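Enquirer: Would you mind keeping the following structure in view while I ask a few things?
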Amino acid sequence: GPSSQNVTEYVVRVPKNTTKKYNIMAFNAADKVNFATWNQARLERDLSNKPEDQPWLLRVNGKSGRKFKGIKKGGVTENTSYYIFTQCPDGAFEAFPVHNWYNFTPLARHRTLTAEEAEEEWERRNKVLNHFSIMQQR
Amino acid sequence: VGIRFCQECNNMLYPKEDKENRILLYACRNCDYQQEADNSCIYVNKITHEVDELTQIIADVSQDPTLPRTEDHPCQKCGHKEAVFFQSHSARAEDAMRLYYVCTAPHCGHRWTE
Amino acid sequence: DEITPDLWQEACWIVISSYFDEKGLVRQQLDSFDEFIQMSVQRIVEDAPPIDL
Amino acid sequence: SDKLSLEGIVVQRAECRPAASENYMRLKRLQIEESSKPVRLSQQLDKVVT
Ligand SMILES: [Zn+2]
Ligand SMILES: [Zn+2]
């Protein structure tokens, strides 16, 4: 059929100045996230610094949904480049350079052990028992 | 035997048992996720020599210039009449000076002992 | 074409002679010092942070 | 306008390599020469500075 020997050739275009920036994004293979549930999102800079040189902090669906934190890529694009071919109705690819590579990681929302009480329980170096009871008291 | 993690917080699963049903449950000791085991194994230990080096040698070892070559032990699968033989040098045995043969043909590398 | 077995000795020594004609016996000292003066000193000076006052 | 949108997902990865093998090493040499233009190394003076 036509699909067996399909022939495709589209023109590539590179704009010089673009008012909106691009960045590569990639979740971990084991995250197993869904995008339909992401009804609301809040992508704001972290408050731990106290601006452009700080990480972001993704907060999905307020406190109901999961939160994520990540860092910029250590490597620099001195020799490498990343281009994205955006689909358009006219069919001409529009290669777009990127500015940064980002990698957020999953975080679990639950009662977390605090540093001070961690020090308090550190006396039980290996004498600790009933791992549930560690969190039950807190 | 067999290690896998829960899908919620991606931490190490741990064995557990329940009194109501008396069934093994690999539950996450961190979060509140539970699942039914399918192997009934917890801790398998191997004291004697069960290393199975035959499946541990990397097949690309044949193309090392420093290893000997022989023509008296042809490959079983592809039938090539050249092979590279070497010993183990792994701890936990410190014995068994036996030869492991690897075929030197490209797109091959069947490992066999003799 | 090929180094004959009975011309090998002379040949190999010729090679060795050329080596010692070009490198010398104390080449490691001089080469290391040349590396130090040419690039290590300049790299050290440039790497030092600017004096802010 | 601080509006976040997702263009899409990458479906295939591509690697571009030059067809040339030997002559492309000359271009690599030129690139290395250009990269070594601004690196600085100490000079030598014929006469003492006064
Ligand atoms: Zn868990
Ligand atoms: Zn073979």
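FYI, nothing fancy with the structure tokens labels: chains A, B, ... in order, residues from 1 per chain, ligands from 1 as they appear.
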Would you mind listing the residues within 6 Å of ligand 2, counting only C-alpha atoms and all ligand atoms, as a VMD selection string?

Expert: chain B and resid 75 77 to 80 103 105 108 to 110

Enquirer: Please extract the residues at most 8 Å from ligand 1, counting only C-alpha atoms and all ligand atoms, and provide them as a list in words, using the chain letters and residue numbers of this document.

Expert: residues 5, 6, 7, 8, 9, 10, 11, 12, 13, 27, 28, 29, 30, 31, 32 and 33 of chain B

Enquirer: Output N, CA, C and O atoms for every residue in that selection, as a PDB file, in the first residue's frame.

Expert:
```pdb
ATOM      1  N   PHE B   5      10.539  -3.068  43.416  1.00  0.00           N
ATOM      2  CA  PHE B   5      10.185  -1.928  44.245  1.00  0.00           C
ATOM      3  C   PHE B   5       8.721  -1.559  44.057  1.00  0.00           C
ATOM      4  O   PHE B   5       8.101  -1.888  43.044  1.00  0.00           O
ATOM      5  N   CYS B   6       8.172  -0.864  45.050  1.00  0.00           N
ATOM      6  CA  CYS B   6       6.800  -0.394  44.947  1.00  0.00           C
ATOM      7  C   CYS B   6       6.708   0.766  43.964  1.00  0.00           C
ATOM      8  O   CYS B   6       7.676   1.486  43.719  1.00  0.00           O
ATOM      9  N   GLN B   7       5.519   0.945  43.400  1.00  0.00           N
ATOM     10  CA  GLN B   7       5.298   1.940  42.361  1.00  0.00           C
ATOM     11  C   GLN B   7       4.911   3.308  42.901  1.00  0.00           C
ATOM     12  O   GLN B   7       4.685   4.226  42.107  1.00  0.00           O
ATOM     13  N   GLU B   8       4.831   3.474  44.219  1.00  0.00           N
ATOM     14  CA  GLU B   8       4.399   4.743  44.792  1.00  0.00           C
ATOM     15  C   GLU B   8       5.580   5.647  45.123  1.00  0.00           C
ATOM     16  O   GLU B   8       5.699   6.751  44.585  1.00  0.00           O
ATOM     17  N   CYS B   9       6.461   5.185  46.004  1.00  0.00           N
ATOM     18  CA  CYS B   9       7.637   5.941  46.405  1.00  0.00           C
ATOM     19  C   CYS B   9       8.939   5.332  45.916  1.00  0.00           C
ATOM     20  O   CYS B   9       9.999   5.896  46.201  1.00  0.00           O
ATOM     21  N   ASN B  10       8.882   4.222  45.167  1.00  0.00           N
ATOM     22  CA  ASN B  10      10.051   3.627  44.513  1.00  0.00           C
ATOM     23  C   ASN B  10      11.150   3.291  45.518  1.00  0.00           C
ATOM     24  O   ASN B  10      12.329   3.556  45.288  1.00  0.00           O
ATOM     25  N   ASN B  11      10.759   2.713  46.646  1.00  0.00           N
ATOM     26  CA  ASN B  11      11.695   2.234  47.651  1.00  0.00           C
ATOM     27  C   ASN B  11      11.675   0.714  47.696  1.00  0.00           C
ATOM     28  O   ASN B  11      10.839   0.059  47.072  1.00  0.00           O
ATOM     29  N   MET B  12      12.626   0.162  48.438  1.00  0.00           N
ATOM     30  CA  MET B  12      12.805  -1.282  48.485  1.00  0.00           C
ATOM     31  C   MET B  12      11.630  -1.945  49.186  1.00  0.00           C
ATOM     32  O   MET B  12      11.234  -1.537  50.281  1.00  0.00           O
ATOM     33  N   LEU B  13      11.069  -2.968  48.550  1.00  0.00           N
ATOM     34  CA  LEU B  13      10.014  -3.753  49.163  1.00  0.00           C
ATOM     35  C   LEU B  13      10.607  -4.677  50.221  1.00  0.00           C
ATOM     36  O   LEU B  13      11.786  -5.035  50.171  1.00  0.00           O
ATOM     37  N   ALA B  27       5.471  -5.779  51.046  1.00  0.00           N
ATOM     38  CA  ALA B  27       4.974  -4.448  51.342  1.00  0.00           C
ATOM     39  C   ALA B  27       6.142  -3.485  51.460  1.00  0.00           C
ATOM     40  O   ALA B  27       7.241  -3.872  51.862  1.00  0.00           O
ATOM     41  N   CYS B  28       5.909  -2.231  51.094  1.00  0.00           N
ATOM     42  CA  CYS B  28       6.947  -1.224  51.251  1.00  0.00           C
ATOM     43  C   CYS B  28       6.999  -0.773  52.700  1.00  0.00           C
ATOM     44  O   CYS B  28       5.999  -0.295  53.244  1.00  0.00           O
ATOM     45  N   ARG B  29       8.165  -0.923  53.323  1.00  0.00           N
ATOM     46  CA  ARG B  29       8.314  -0.554  54.721  1.00  0.00           C
ATOM     47  C   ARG B  29       8.317   0.954  54.923  1.00  0.00           C
ATOM     48  O   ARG B  29       8.263   1.407  56.070  1.00  0.00           O
ATOM     49  N   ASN B  30       8.388   1.734  53.846  1.00  0.00           N
ATOM     50  CA  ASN B  30       8.356   3.190  53.927  1.00  0.00           C
ATOM     51  C   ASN B  30       6.942   3.743  53.757  1.00  0.00           C
ATOM     52  O   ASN B  30       6.414   4.408  54.653  1.00  0.00           O
ATOM     53  N   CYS B  31       6.326   3.478  52.610  1.00  0.00           N
ATOM     54  CA  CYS B  31       4.984   3.960  52.314  1.00  0.00           C
ATOM     55  C   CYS B  31       3.962   2.918  52.768  1.00  0.00           C
ATOM     56  O   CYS B  31       4.273   2.024  53.558  1.00  0.00           O
ATOM     57  N   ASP B  32       2.732   3.028  52.282  1.00  0.00           N
ATOM     58  CA  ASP B  32       1.631   2.163  52.680  1.00  0.00           C
ATOM     59  C   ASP B  32       1.131   1.329  51.506  1.00  0.00           C
ATOM     60  O   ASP B  32      -0.072   1.157  51.307  1.00  0.00           O
ATOM     61  N   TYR B  33       2.057   0.797  50.716  1.00  0.00           N
ATOM     62  CA  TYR B  33       1.738  -0.033  49.563  1.00  0.00           C
ATOM     63  C   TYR B  33       2.013  -1.489  49.903  1.00  0.00           C
ATOM     64  O   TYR B  33       2.976  -1.804  50.605  1.00  0.00           O
TER      65      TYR B  33
END
```

Enquirer: Expressed in Å to a single decimal, how great is the separation between CA of residue 46 in chain B and CA of residue 24 in chain B?

Expert: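 CA of residue 24 in chain B lies 23.0 Å from CA of residue 46 in chain B.
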
Enquirer: Run DSSP on the backbone and give me the residues of range 9-74 of chain B it puts in helix (DSSP H, G or I), as a PDB file with C-alpha atoms, in the first residue's frame.

Expert:
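For reference, part31.pdb as written:
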```pdb
ATOM      1  CA  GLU B  53      30.881 -18.555  35.255  1.00  0.00           C
ATOM      2  CA  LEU B  54      29.633 -19.882  31.907  1.00  0.00           C
ATOM      3  CA  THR B  55      26.926 -17.189  31.850  1.00  0.00           C
ATOM      4  CA  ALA B  59      31.413 -12.732  24.884  1.00  0.00           C
ATOM      5  CA  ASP B  60      33.624  -9.885  23.628  1.00  0.00           C
ATOM      6  CA  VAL B  61      36.612 -11.387  25.488  1.00  0.00           C
ATOM      7  CA  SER B  62      37.566 -13.409  22.400  1.00  0.00           C
ATOM      8  CA  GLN B  63      38.943 -10.345  20.591  1.00  0.00           C
TER       9      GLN B  63
END
```

Enquirer: Report as a ChimeraX atom specification all protein, DNA and RNA residues lying within 10 Å of residue 7 in chain D, evaluated on only C-alpha atoms, omitting residues in the same chain fewer than 5 positions from it.

Expert: /A:22,84-87

Enquirer: Run DSSP on the backbone of this structure and report the residues of chain A it assigns to strand (DSSP E or B), as a CSV table (one decimal) with N, CA and C atoms, in the first residue's frame.

Expert:
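Final output, saved to part_28.csv:
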```csv
chain,number,residue,atom,x,y,z
A,12,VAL,N,12.8,22.6,6.1
A,12,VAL,CA,13.2,23.0,7.4
A,12,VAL,C,13.4,24.6,7.5
A,13,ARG,N,13.0,25.2,8.6
A,13,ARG,CA,13.0,26.6,8.8
A,13,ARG,C,13.7,26.9,10.1
A,23,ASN,N,13.1,24.6,26.2
A,23,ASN,CA,14.0,23.8,27.1
A,23,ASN,C,13.6,22.3,27.0
A,24,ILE,N,14.6,21.4,27.0
A,24,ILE,CA,14.4,20.0,26.9
A,24,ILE,C,13.9,19.5,28.3
A,25,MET,N,13.0,18.5,28.2
A,25,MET,CA,12.4,18.0,29.4
A,25,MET,C,12.3,16.4,29.3
A,41,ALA,N,-1.4,23.3,37.6
A,41,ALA,CA,0.1,23.3,37.9
A,41,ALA,C,0.6,24.7,38.4
A,42,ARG,N,1.7,24.7,39.1
A,42,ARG,CA,2.3,25.9,39.6
A,42,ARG,C,3.8,25.6,39.5
A,43,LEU,N,4.5,26.3,38.6
A,43,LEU,CA,5.9,26.2,38.4
A,43,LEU,C,6.6,27.5,38.8
A,44,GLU,N,7.1,27.5,40.0
A,44,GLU,CA,7.6,28.7,40.6
A,44,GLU,C,9.0,28.4,41.2
A,45,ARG,N,9.8,29.5,41.3
A,45,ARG,CA,11.2,29.3,41.8
A,45,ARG,C,11.1,29.0,43.3
A,56,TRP,N,13.8,25.5,39.8
A,56,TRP,CA,12.4,25.6,39.9
A,56,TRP,C,11.8,24.6,40.8
A,57,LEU,N,10.5,24.6,41.0
A,57,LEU,CA,9.9,23.7,41.9
A,57,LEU,C,8.5,23.5,41.4
A,58,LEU,N,8.2,22.3,40.8
A,58,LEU,CA,6.9,22.0,40.3
A,58,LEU,C,5.9,21.6,41.4
A,59,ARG,N,4.7,22.2,41.4
A,59,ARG,CA,3.7,21.8,42.3
A,59,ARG,C,2.4,21.6,41.5
A,60,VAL,N,2.0,20.3,41.4
A,60,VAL,CA,0.9,19.9,40.6
A,60,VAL,C,-0.4,19.8,41.5
A,67,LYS,N,4.4,16.8,43.9
A,67,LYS,CA,5.4,17.9,43.7
A,67,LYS,C,6.7,17.3,43.3
A,68,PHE,N,7.4,18.1,42.5
A,68,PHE,CA,8.7,17.7,41.9
A,68,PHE,C,9.7,18.8,42.0
A,69,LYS,N,11.0,18.4,42.1
A,69,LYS,CA,12.1,19.3,42.2
A,69,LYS,C,13.2,18.7,41.3
A,70,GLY,N,14.0,19.6,40.7
A,70,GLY,CA,15.1,19.2,39.8
A,70,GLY,C,16.1,20.2,39.7
A,71,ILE,N,17.1,19.9,38.8
A,71,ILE,CA,18.3,20.7,38.7
A,71,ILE,C,18.6,20.8,37.2
A,72,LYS,N,19.4,21.8,36.8
A,72,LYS,CA,19.9,22.0,35.5
A,72,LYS,C,20.9,20.9,35.1
A,83,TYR,N,17.6,20.5,18.8
A,83,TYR,CA,16.6,21.1,18.0
A,83,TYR,C,15.3,20.3,18.0
A,84,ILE,N,14.2,20.9,18.0
A,84,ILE,CA,12.9,20.3,18.1
A,84,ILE,C,12.1,20.7,16.8
A,85,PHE,N,11.5,19.7,16.1
A,85,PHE,CA,10.8,19.8,14.9
A,85,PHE,C,9.3,19.9,15.3
A,93,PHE,N,8.9,22.0,8.9
A,93,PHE,CA,9.6,21.9,10.2
A,93,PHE,C,10.2,23.2,10.6
A,94,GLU,N,10.1,23.5,11.9
A,94,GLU,CA,10.7,24.7,12.5
A,94,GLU,C,11.6,24.3,13.6
A,95,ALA,N,12.9,24.1,13.2
A,95,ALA,CA,13.9,23.8,14.2
A,95,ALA,C,14.1,24.9,15.2
A,96,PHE,N,14.2,24.7,16.5
A,96,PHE,CA,14.2,25.7,17.5
A,96,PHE,C,15.3,25.3,18.5
A,97,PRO,N,16.3,26.2,18.7
A,97,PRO,CA,17.4,25.9,19.7
A,97,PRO,C,16.8,26.0,21.1
A,100,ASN,N,18.2,25.3,28.1
A,100,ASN,CA,18.6,24.5,29.2
A,100,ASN,C,17.9,23.1,29.2
A,101,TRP,N,18.6,22.1,29.8
A,101,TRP,CA,18.1,20.8,29.9
A,101,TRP,C,17.6,20.6,31.4
A,102,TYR,N,16.4,20.2,31.6
A,102,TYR,CA,15.8,20.1,33.0
A,102,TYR,C,15.5,18.7,33.3
A,103,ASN,N,15.5,18.3,34.5
A,103,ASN,CA,15.2,16.9,35.0
A,103,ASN,C,14.6,17.0,36.4
A,104,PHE,N,13.3,17.1,36.5
A,104,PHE,CA,12.6,17.0,37.8
A,104,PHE,C,12.5,15.5,38.2
A,105,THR,N,12.4,15.3,39.5
A,105,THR,CA,12.4,13.9,40.1
A,105,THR,C,11.1,13.8,41.0
A,106,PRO,N,10.5,12.6,41.0
A,106,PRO,CA,9.4,12.4,41.9
A,106,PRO,C,9.7,12.6,43.4
A,107,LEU,N,8.8,13.1,44.2
A,107,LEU,CA,8.9,13.2,45.6
A,107,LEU,C,7.6,12.7,46.2
```
